[PDB]
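Source file coords08.txt; content: compact mmCIF, C-alpha atoms and all ligand atoms.
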```
# COMPACT_ATOMS: atom_id res chain seq x y z
CA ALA A 1 123.50 137.81 130.79
CA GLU A 2 121.52 139.47 128.00
CA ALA A 3 120.97 143.16 127.43
CA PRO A 4 117.30 144.11 127.88
CA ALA A 5 115.13 145.60 125.15
CA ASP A 6 115.27 149.29 124.20
CA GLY A 7 113.09 152.04 125.66
CA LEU A 8 113.93 151.49 129.32
CA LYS A 9 112.93 154.44 131.55
CA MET A 10 115.32 155.86 134.12
CA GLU A 11 112.81 157.66 136.34
CA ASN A 12 114.13 158.33 139.84
CA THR A 13 113.87 162.06 139.11
CA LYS A 14 111.54 164.71 137.63
CA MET A 15 113.84 164.60 134.55
CA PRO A 16 113.65 160.98 133.28
CA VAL A 17 115.77 159.53 130.43
CA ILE A 18 115.25 156.65 128.00
CA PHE A 19 118.12 154.17 128.03
CA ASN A 20 118.67 151.97 125.02
CA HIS A 21 121.11 149.08 125.41
CA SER A 22 121.38 148.96 121.58
CA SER A 23 123.19 152.35 121.54
CA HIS A 24 125.70 150.88 124.01
CA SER A 25 126.17 147.27 122.90
CA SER A 26 129.80 147.83 121.85
CA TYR A 27 130.58 148.33 125.58
CA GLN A 28 131.21 145.56 128.08
CA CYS A 29 128.34 144.96 130.52
CA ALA A 30 130.65 145.71 133.47
CA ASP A 31 131.59 149.16 132.04
CA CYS A 32 128.32 150.34 133.64
CA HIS A 33 127.16 147.33 135.67
CA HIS A 34 130.46 147.34 137.62
CA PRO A 35 130.85 144.34 139.98
CA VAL A 36 130.17 144.90 143.68
CA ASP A 37 131.68 142.80 146.46
CA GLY A 38 133.11 140.51 143.78
CA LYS A 39 129.71 139.54 142.40
CA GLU A 40 127.91 140.42 139.19
CA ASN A 41 125.83 143.50 139.84
CA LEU A 42 122.82 144.15 137.57
CA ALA A 43 120.83 146.06 140.21
CA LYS A 44 119.32 149.44 139.46
CA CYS A 45 121.84 152.25 140.06
CA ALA A 46 119.74 154.10 142.66
CA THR A 47 119.14 150.95 144.80
CA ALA A 48 119.15 151.63 148.57
CA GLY A 49 122.76 151.62 149.82
CA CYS A 50 124.04 152.28 146.30
CA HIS A 51 123.67 155.50 144.29
CA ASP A 52 120.74 156.65 146.46
CA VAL A 53 121.65 160.27 147.37
CA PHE A 54 119.69 162.71 145.17
CA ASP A 55 121.24 165.93 146.46
CA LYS A 56 122.95 167.26 143.31
CA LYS A 57 125.62 168.98 145.45
CA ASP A 58 126.65 165.62 147.01
CA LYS A 59 130.02 164.50 145.65
CA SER A 60 130.18 161.18 147.52
CA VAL A 61 130.17 157.81 145.71
CA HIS A 62 126.46 157.54 146.63
CA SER A 63 125.46 160.57 144.54
CA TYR A 64 123.04 159.55 141.78
CA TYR A 65 123.69 162.93 140.09
CA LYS A 66 127.53 162.37 140.11
CA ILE A 67 127.58 158.89 138.56
CA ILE A 68 125.55 160.28 135.66
CA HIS A 69 126.66 163.90 135.23
CA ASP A 70 130.30 164.02 136.36
CA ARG A 71 132.38 165.26 133.42
CA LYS A 72 135.48 163.39 134.63
CA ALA A 73 135.77 159.74 135.69
CA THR A 74 138.56 157.22 136.40
CA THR A 75 137.40 153.75 137.48
CA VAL A 76 133.83 153.65 136.13
CA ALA A 77 132.62 155.87 133.27
CA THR A 78 129.73 158.30 133.83
CA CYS A 79 127.01 158.85 131.15
CA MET A 80 128.40 162.36 130.71
CA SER A 81 132.12 161.60 130.76
CA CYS A 82 131.83 158.96 128.03
CA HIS A 83 129.48 161.11 125.88
CA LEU A 84 131.82 164.10 126.17
CA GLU A 85 134.58 161.89 124.75
CA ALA A 86 132.34 160.59 121.94
CA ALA A 87 130.93 164.02 121.03
CA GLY A 88 134.38 165.53 121.41
CA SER A 89 134.84 168.83 119.59
CA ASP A 90 131.85 168.10 117.35
CA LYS A 91 129.05 170.69 117.39
CA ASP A 92 125.96 168.48 116.73
CA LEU A 93 127.17 165.56 118.86
CA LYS A 94 127.73 167.88 121.81
CA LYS A 95 124.10 168.91 121.29
CA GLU A 96 122.69 165.37 121.01
CA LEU A 97 124.97 163.66 123.46
CA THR A 98 126.07 166.20 126.10
CA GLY A 99 123.47 169.00 126.16
CA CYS A 100 121.32 169.63 129.26
CA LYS A 101 118.09 170.16 127.26
CA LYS A 102 117.28 169.45 123.59
CA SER A 103 119.69 166.52 123.94
CA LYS A 104 118.82 162.84 123.46
CA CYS A 105 119.14 162.37 127.23
CA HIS A 106 117.03 165.40 128.13
CA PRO A 107 114.73 166.29 125.21
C1 LIG B 1 122.73 161.76 129.05
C2 LIG B 1 123.98 161.29 128.90
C3 LIG B 1 122.55 162.99 129.98
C4 LIG B 1 122.97 164.26 129.74
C5 LIG B 1 123.73 164.76 128.50
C6 LIG B 1 122.58 165.10 130.85
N1 LIG B 1 121.92 164.30 131.75
FE1 LIG B 1 120.83 164.98 133.30
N2 LIG B 1 120.02 163.02 133.68
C7 LIG B 1 120.47 161.89 133.00
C8 LIG B 1 119.95 160.72 133.68
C9 LIG B 1 120.17 159.24 133.31
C10 LIG B 1 119.11 161.26 134.85
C11 LIG B 1 118.32 160.44 135.88
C12 LIG B 1 117.02 159.95 135.24
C13 LIG B 1 116.07 159.48 136.31
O1 LIG B 1 115.08 160.20 136.59
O2 LIG B 1 116.29 158.38 136.88
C14 LIG B 1 119.21 162.70 134.78
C15 LIG B 1 118.60 163.61 135.65
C16 LIG B 1 118.89 164.96 135.79
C17 LIG B 1 118.36 165.91 136.78
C18 LIG B 1 117.39 165.62 137.93
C19 LIG B 1 118.27 165.15 139.10
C20 LIG B 1 117.48 165.06 140.38
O3 LIG B 1 116.35 165.62 140.43
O4 LIG B 1 117.96 164.43 141.37
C21 LIG B 1 118.90 167.10 136.55
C22 LIG B 1 118.66 168.40 137.35
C23 LIG B 1 119.78 166.97 135.41
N3 LIG B 1 119.75 165.67 134.96
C24 LIG B 1 120.54 167.99 134.89
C25 LIG B 1 121.39 167.95 133.82
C26 LIG B 1 122.24 169.04 133.40
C27 LIG B 1 122.33 170.40 134.14
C28 LIG B 1 122.90 168.65 132.30
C29 LIG B 1 123.92 169.53 131.50
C30 LIG B 1 125.14 169.75 132.02
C31 LIG B 1 122.46 167.28 132.00
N4 LIG B 1 121.54 166.90 132.96
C32 LIG B 1 122.85 166.45 130.96
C33 LIG B 1 121.29 161.89 131.88
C34 LIG B 1 121.88 162.99 131.26
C1 LIG B 2 126.42 151.48 130.11
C2 LIG B 2 126.39 152.28 129.04
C3 LIG B 2 125.66 150.12 130.05
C4 LIG B 2 126.05 149.02 129.39
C5 LIG B 2 127.33 148.88 128.55
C6 LIG B 2 125.07 147.98 129.62
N1 LIG B 2 124.08 148.49 130.44
FE1 LIG B 2 122.48 147.45 131.36
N2 LIG B 2 121.71 149.23 132.14
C7 LIG B 2 122.38 150.45 132.07
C8 LIG B 2 121.53 151.45 132.69
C9 LIG B 2 121.78 152.96 132.89
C10 LIG B 2 120.28 150.70 133.16
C11 LIG B 2 119.06 151.30 133.89
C12 LIG B 2 119.27 151.09 135.39
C13 LIG B 2 118.31 151.89 136.24
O1 LIG B 2 118.71 152.22 137.38
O2 LIG B 2 117.16 152.19 135.80
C14 LIG B 2 120.49 149.34 132.78
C15 LIG B 2 119.61 148.30 133.00
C16 LIG B 2 119.87 146.96 132.83
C17 LIG B 2 119.09 145.85 133.34
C18 LIG B 2 117.83 146.00 134.21
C19 LIG B 2 116.59 146.08 133.33
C20 LIG B 2 115.34 146.18 134.18
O3 LIG B 2 114.26 145.76 133.67
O4 LIG B 2 115.41 146.66 135.34
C21 LIG B 2 119.68 144.71 132.94
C22 LIG B 2 119.23 143.25 133.24
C23 LIG B 2 120.85 145.06 132.16
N3 LIG B 2 120.92 146.44 132.12
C24 LIG B 2 121.72 144.18 131.56
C25 LIG B 2 122.82 144.48 130.78
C26 LIG B 2 123.74 143.54 130.20
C27 LIG B 2 123.63 142.01 130.36
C28 LIG B 2 124.67 144.23 129.51
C29 LIG B 2 125.87 143.65 128.71
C30 LIG B 2 125.63 143.01 127.55
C31 LIG B 2 124.37 145.64 129.65
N4 LIG B 2 123.24 145.75 130.44
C32 LIG B 2 125.09 146.69 129.13
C33 LIG B 2 123.64 150.66 131.51
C34 LIG B 2 124.40 149.80 130.73
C1 LIG B 3 124.95 148.96 144.98
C2 LIG B 3 125.25 147.69 145.33
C3 LIG B 3 125.42 149.60 143.63
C4 LIG B 3 124.76 149.53 142.47
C5 LIG B 3 123.41 148.80 142.22
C6 LIG B 3 125.49 150.27 141.45
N1 LIG B 3 126.64 150.78 142.06
FE1 LIG B 3 128.01 152.08 141.16
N2 LIG B 3 129.17 152.09 142.95
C7 LIG B 3 128.84 151.33 144.07
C8 LIG B 3 130.01 151.27 144.94
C9 LIG B 3 130.19 150.55 146.30
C10 LIG B 3 131.10 152.09 144.22
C11 LIG B 3 132.53 152.30 144.79
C12 LIG B 3 133.66 152.28 143.75
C13 LIG B 3 133.72 151.02 142.91
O1 LIG B 3 134.22 151.12 141.75
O2 LIG B 3 133.30 149.92 143.37
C14 LIG B 3 130.48 152.56 142.99
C15 LIG B 3 131.06 153.35 142.01
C16 LIG B 3 130.49 153.80 140.84
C17 LIG B 3 130.99 154.88 140.00
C18 LIG B 3 132.26 155.71 140.31
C19 LIG B 3 131.87 156.83 141.27
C20 LIG B 3 133.04 157.65 141.77
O3 LIG B 3 133.04 158.03 142.98
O4 LIG B 3 133.98 157.93 140.98
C21 LIG B 3 130.15 155.01 138.96
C22 LIG B 3 130.27 156.04 137.81
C23 LIG B 3 129.09 154.04 139.09
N3 LIG B 3 129.34 153.31 140.24
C24 LIG B 3 128.04 153.84 138.22
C25 LIG B 3 126.99 152.96 138.38
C26 LIG B 3 125.87 152.79 137.48
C27 LIG B 3 125.73 153.59 136.16
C28 LIG B 3 125.03 151.85 137.99
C29 LIG B 3 123.71 151.35 137.35
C30 LIG B 3 123.71 150.73 136.15
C31 LIG B 3 125.61 151.40 139.25
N4 LIG B 3 126.80 152.10 139.44
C32 LIG B 3 125.12 150.44 140.12
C33 LIG B 3 127.61 150.72 144.31
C34 LIG B 3 126.63 150.39 143.39
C1 LIG B 4 130.66 155.22 126.93
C2 LIG B 4 131.28 154.21 127.58
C3 LIG B 4 129.18 155.52 127.24
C4 LIG B 4 128.55 155.51 128.44
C5 LIG B 4 129.14 155.19 129.84
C6 LIG B 4 127.17 155.87 128.22
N1 LIG B 4 127.00 156.09 126.87
FE1 LIG B 4 125.34 156.71 125.97
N2 LIG B 4 126.21 156.64 124.09
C7 LIG B 4 127.56 156.34 123.90
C8 LIG B 4 127.87 156.45 122.50
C9 LIG B 4 129.24 156.23 121.83
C10 LIG B 4 126.55 156.86 121.82
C11 LIG B 4 126.27 157.11 120.32
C12 LIG B 4 125.80 155.77 119.73
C13 LIG B 4 124.41 155.80 119.12
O1 LIG B 4 123.87 154.67 118.88
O2 LIG B 4 123.84 156.91 118.86
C14 LIG B 4 125.57 156.95 122.89
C15 LIG B 4 124.24 157.28 122.73
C16 LIG B 4 123.35 157.59 123.74
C17 LIG B 4 122.06 158.25 123.57
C18 LIG B 4 121.49 158.70 122.20
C19 LIG B 4 120.81 157.57 121.41
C20 LIG B 4 119.73 156.91 122.24
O3 LIG B 4 119.93 155.73 122.63
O4 LIG B 4 118.68 157.54 122.54
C21 LIG B 4 121.51 158.38 124.80
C22 LIG B 4 120.15 158.99 125.20
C23 LIG B 4 122.42 157.79 125.76
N3 LIG B 4 123.53 157.33 125.08
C24 LIG B 4 122.22 157.74 127.11
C25 LIG B 4 123.12 157.34 128.06
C26 LIG B 4 122.91 157.38 129.48
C27 LIG B 4 121.61 157.91 130.13
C28 LIG B 4 124.01 156.88 130.08
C29 LIG B 4 124.28 156.72 131.60
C30 LIG B 4 123.62 155.77 132.30
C31 LIG B 4 124.94 156.51 129.04
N4 LIG B 4 124.36 156.81 127.82
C32 LIG B 4 126.20 155.96 129.21
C33 LIG B 4 128.45 156.00 124.89
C34 LIG B 4 128.21 155.88 126.23
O1 LIG B 5 113.95 165.46 140.30
MO1 LIG B 5 114.58 166.42 141.77
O2 LIG B 5 112.87 166.98 142.86
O3 LIG B 5 115.72 167.88 141.74
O4 LIG B 5 115.38 164.98 143.06
```
Encoding of this model in structure tokens:
Amino acid sequence: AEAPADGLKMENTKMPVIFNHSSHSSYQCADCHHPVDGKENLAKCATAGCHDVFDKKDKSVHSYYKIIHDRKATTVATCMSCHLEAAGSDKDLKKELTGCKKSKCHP
């Protein structure tokens, strides 16, 4: 399938983020849209039964906060864990890519 246009809003929370597929088009679709039950899975992350727990303290697979903000990952990358690798030791990239505010995720 085809990546959607840029400027997509992730707005399940009071701290929404703009996701641009163009900034991520060197990654395989399934790197984020991981298959579920052996079928292609393009459903929104916080779909009921999926990543639908919004408690930030929740560490279960259902935590919406975890799958985005976890600094470490193994099987599927988080937003954070990949960006921490890309920013690395770099000062400005850490700011743009990994910061909690004044970043490109959370301006
Ligand atoms: C981009 C890679 C991000 C960085 C860097 C940080 N966060 Fe984030 N955040 C991101 C997304 C995609 C979302 C969900 C957007 C939506 O509304 O659908 C969030 C949301 C949050 C929230 C609200 C969570 C909730 O209310 O359930 C918080 C409190 C939050 N983010 C905090 C946070 C902190 C503390 C960070 C620094 C360590 C940080 N974010 C970075 C994406 C990204
Ligand atoms: C990780 C960095 C991703 C890669 C690589 C690709 N996509 Fe994606 N996509 C990603 C996120 C965080 C979201 C928002 C989901 C949400 O819960 O809001 C999306 C969204 C889509 C959608 C849905 C668009 C809509 O109008 O709801 C589609 C159809 C989609 N993405 C397709 C897609 C394809 C085909 C990709 C490979 C070429 C691809 N994406 C890459 C994260 C990531
Ligand atoms: C419901 C059918 C889901 C949707 C839609 C999305 N995910 Fe998911 N996720 C789901 C399951 C059943 C699992 C179990 C483990 C597996 O690899 O199948 C996961 C796992 C993840 C993880 C790893 C979490 C962990 O505990 O280490 C991540 C980081 C993740 N998923 C991300 C993710 C994103 C970004 C999604 C939207 C684009 C998304 N998932 C959709 C169930 C479902
Ligand atoms: C690695 C596999 C990544 C994952 C998973 C996510 N992102 Fe990412 N992102 C990645 C790189 C290497 C870059 C720099 C490339 C560039 O074109 O600048 C980015 C960039 C962003 C940005 C900044 C630019 C922009 O599109 O506004 C944002 C806001 C961003 N990425 C958000 C984001 C979110 C919310 C993710 C989780 C769903 C996520 N990215 C995953 C690498 C990777
Ligand atoms: O944006 Mo919230 O009210 O911490 O789930």
Item checked: 8 Å shell around ligand LIG 1 (chain B) using all atoms listed in the file, listed as JSON, numbers by chain -> {"A": [9, 10, 11, 12, 13, 14, 15, 16, 17, 18, 19, 46, 54, 55, 56, 64, 65, 68, 69, 79, 80, 83, 96, 97, 98, 99, 100, 101, 103, 104, 105, 106]}
Taking every listed atom of range 35-47 of chain A and adding 3 Å to each side, what centre and edge lengths in Å (one decimal) does the axis-aligned box have, as JSON?
```
{"center_x": 126.1, "center_y": 146.8, "center_z": 142.0, "size_x": 20.0, "size_y": 20.6, "size_z": 14.9}
```
Item checked: Residue contacts of residue 77 in chain A (8 Å, all atoms listed in the file) excluding same-chain residues fewer than 6 positions away, as number ranges by chain -> A: 31-32, 67
Note to self: I want to know what sits within 12 Å of range 36-39 of chain A, based on only C-alpha atoms, with residues of the same chain fewer than 5 positions away left out; could you give that as an MDAnalysis selection string?
What the structure shows: chainID A and resid 30 45 49:50
